[PDB]
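Structural features, examined
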Protein chains: 2
Amino acid sequence: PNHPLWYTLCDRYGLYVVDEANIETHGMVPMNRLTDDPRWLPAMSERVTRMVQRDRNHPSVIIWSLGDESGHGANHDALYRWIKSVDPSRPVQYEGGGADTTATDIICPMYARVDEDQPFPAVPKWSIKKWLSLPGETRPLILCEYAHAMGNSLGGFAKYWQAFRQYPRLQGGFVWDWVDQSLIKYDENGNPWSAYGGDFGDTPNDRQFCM
Amino acid sequence: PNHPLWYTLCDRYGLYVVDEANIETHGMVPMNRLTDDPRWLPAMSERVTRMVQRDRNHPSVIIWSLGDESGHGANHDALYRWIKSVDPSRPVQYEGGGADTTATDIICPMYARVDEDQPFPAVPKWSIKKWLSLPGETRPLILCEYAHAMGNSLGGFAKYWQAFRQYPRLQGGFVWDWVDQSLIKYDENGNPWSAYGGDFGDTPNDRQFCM
Ligand SMILES: CC(C)S[C@@H]1O[C@H](CO)[C@H](O)[C@H](O)[C@H]1O
Ligand SMILES: CC(C)S[C@@H]1O[C@H](CO)[C@H](O)[C@H](O)[C@H]1O
Ligand code: NA
Ligand code: NA
Ligand code: NA
Ligand code: NA
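Residues numbered from 1 in each chain as written, not as in the entry; some residues may be left out. Chains lettered and ligands numbered in written order. Part of a larger assembly, values for the part shown. Heavy atoms only, no water.

In the PDB archive, X-ray crystallography is given as the structure determination method for this entry, at a resolution of 2.00 Å.

Below, the structure written as structure tokens:
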């Protein structure tokens, strides 16, 4: 959840918001180790429930999200239903565990390609065009993340937009991401320069991946 | 319906057969002028019912078809339901009126392209990949006719097969068609040659379109 003024500005200027619970357990092995564990349900529940209690009156918020990259655990299904019960006015989405689990109203993959399948075991990233028509599938698809804009990037961006415009159930996505997470450091003469991972003696680090 | 031995040979050699009623009203304006007219229901009904009565014990017959290029009329709906009632063992298909009407269990377009939409009013031929995922659509898609093999043709055939293999609900199609409808004529010297439309003094004619 963002600084409260963010929603006020989105209400007034006009932007659709996905408001997202502060839950990410990316580094766990497997990713759902905590989210499938009932002992972590209390802690997870408060990150979801308290977000809804704070932000449910903002018109800019159109979609709730259970968090990010925490696999798919029974705790997600429980909190999905909690939101659906408390606030019927907004769809709930969540990408973890393969982007099309029972904890999501929207097929919301990250970095699924337009035409190319990436058939990873357990959590495949189908071509988005293919994903829509999988046997029994009926939901809209909106990429929670796509077109990773790291450095000299956004190659193939037009391929997404051609597809979004051709397929009714391909309803767009959220580019990753808005702003480089570089930090200011200063040389011996006080001149500022942009620093990334590792530049503060931080180790292990993931270098320029913050930008 | 074919010569009765055909089905015997398909039973024994092993070919899947679509058995199709002898109903085609292509030249009507609009195409459904007779098939939507209850006056023509009796004539139509016999072409469907007597086919099913004849061929229903052949294992090679896996799908019933209500005919060809006769638009979509209420008579199709009645006869679709008749077959479903009398023979639940086989899906019923029919392409007329846009290939995805209430008279077909299978989206069965003719000459719909792989990636390119052709958005004709009333009867669009969507990209087959796009067609599968239209809001609310869940049926399998098998082209009743594709890859018109007229003369030096079948360019882009590989594109169909790539899509068939990638998409579960794209379950293939029927090439148009098997054998040139040329007829043997003889010249002044009694030498045989292959003839097409118009070569018998027949007019109006559609020339080489029979091949
Ligand atoms: C590097 C991948 C295995 S994880 C990948 O890292 C990215 C780096 O910017 C983003 O954080 C994405 O959300 C994440 O899926
Ligand atoms: C020419 C189109 C307007 S109709 C087109 O003609 C073809 C000619 O071989 C085939 O008969 C197809 O079945 C038919 O759709
Ligand atoms: Na769209
Ligand atoms: Na990053
Ligand atoms: Na297929
Ligand atoms: Na022909």
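Having put the structure on the table, let's press on.
What about the coordination of the sodium ion (ligand 3)?
Residues and elements named next belong to chain A. We count it as follows: A donor here means an N, O or S atom no more than 2.8 Å from the metal, or no more than 3.2 Å when the metal is Na, K or Ca. Since water is not included, a site may seem to lack partners. Relative accessibility thresholds used throughout: buried, under 20% of the residue-type maximum; exposed, over 50%; partly exposed, between the two (1.4 Å probe, protein chains only).
In this structure, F164 (O), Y167 (O) and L170 (O) serve as the protein donors to the sodium ion (ligand 3), at separations of 2.4 Å. The sequence motif formed by the donor residues of the sodium ion (ligand 3) is F-x2-Y-x2-L. For the residue pair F164 and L170, the accessibility class agrees, reading buried in each case.

A word on helix α2 (residues 41-55) of chain A
Residue and element names in this part refer to chain A. The cut-off we apply is this: A helix here means a DSSP run of H or I that spans at least four residues, while a strand means a run of E at least two residues long, and both kinds are numbered starting from the N terminus. Working rule for helices: expected span equals 1.5 Å times residues minus one. It is the directions from the helix axis to the C-beta atoms that the arc portrays. We call two residues contacting when some pair of their heavy atoms lies within 4.5 Å.
Its 15 residues give α2 an end-to-end C-alpha distance of 21 Å, which sits within 8% of 21 Å, the value for a rise of 1.5 Å per residue. Within α2, the full set of buried residues consists of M44, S45, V48, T49, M51, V52 and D55. Buried residues of α2 fall within an arc of 155° about the axis and therefore sit on the same side. Turned more than 90 degrees away from the buried face of α2, the exposed residues are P42, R50 and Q53. As for α2, its buried residues are in contact with α1 (4-13), β1 (17-20), β2 (61-65) and α3 (74-86).

Some words on the site of ligand 1
Residues and elements named next belong to chain A. Put simply, the rule reads: If even one non-hydrogen atom of a residue comes within 4 Å of a molecule or strand, that residue is called near it. Polar contact is the term for a pair of N or O atoms within 3.5 Å; when the atoms are in protein, one must be able to donate a hydrogen and the other to accept it, and sequence-neighboring residues count only if both atoms are side-chain atoms. The Shrake-Rupley method, run with a 1.4 Å probe, gives the accessible areas here. Residue values count only the displayed protein chains as cover.
Surrounding ligand 1, one finds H26, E69, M110, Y111, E145, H148, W176 and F209. The side chain of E69 places a nitrogen or oxygen atom 2.7 Å from an oxygen atom of ligand 1. The side chain of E145 places a nitrogen or oxygen atom 2.7 Å from an oxygen atom of ligand 1. Taken by itself ligand 1 offers 390 Å² of open surface, and the protein chains cover 53% of this.

Re a nonpolar patch on the surface
Inclusion rule: Patches in this entry comprise residues that are over 30% relatively accessible and not in a salt bridge; like charges within 9 Å are linked, as are nonpolar side chains (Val, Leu, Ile, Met, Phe, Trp, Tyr) within 5 Å. What counts as a salt bridge is simple: a side-chain nitrogen of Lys or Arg found within 4 Å of a carboxyl oxygen of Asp or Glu.
Taken together, the side chains of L5, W6, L9, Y13 and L15 of chain A define a hydrophobic patch exposed on the protein surface, amounting to about 570 Å² of accessible area. Among the structural elements, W6 of chain A can be located in helix α1.

Overview of the relation of the copies chain B and chain A
This is how it is decided: Here the copies share a common frame obtained from a least-squares superposition of their C-alpha atoms.
If you rotate chain B by 180° and push it 0.1 Å along the axis, it lands on chain A with an RMSD of 0.1 Å. In symmetry terms, the pair is related by a two-fold rotation axis. Rotation axis and chain B: the residue whose C-alpha lies nearest the axis is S133 of chain B, separated from it by 2.5 Å. Most of the interface of chain B is mirrored in chain A, where 100% of its interface residues are also at the interface.

Describing the sheet that holds strand β3 (residues 92-93) of chain A
Paired through their backbone hydrogen bonds, the strands of a sheet run either parallel or antiparallel. All names here are of chain A. Under the convention used in this document: Two strands qualify as a pair provided that DSSP identifies no fewer than 2 bridges between them. To get an axis, fit a line to the C-alpha atoms, keeping to the stretch in contact for a helix; angles then go from 0 to 180 degrees between the N-to-C directions.
Pairing within the open sheet is parallel, and its three strands lie in the order β1-β2-β3. On the outer flanks of this sheet lie β1 and β3, each paired with one strand and no other. Strand direction decides the pairing type here: β2 and β3, joined by two bridges, are parallel. Bridge pairing links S65 to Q93 in β3. Sheet contacts for α2: β1 and β2; angle to β2, the most-contacted strand, approximately 170°.

Considerations on the pattern of salt bridges
Two side chains bearing opposite charge may form a pair once their charged atoms approach each other closely. Residues and elements named next belong to chain A. Considering all chains together, one arrives at 14 salt bridges over all chains under this definition. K129 serves as the salt-bridge partner of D115, at 2.8 Å between the closest nitrogen and oxygen. A residue pair is termed long-range when its members are at least 10 positions apart, and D115 in the loop between β3 and α4 (128-132) and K129 in helix α4 qualify at 14 residues. On the basis of relative accessible area, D115 is assigned to the partly exposed category, the value being 33%. Owing to a relative accessible area of 6%, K129 belongs among the buried residues under this scheme.

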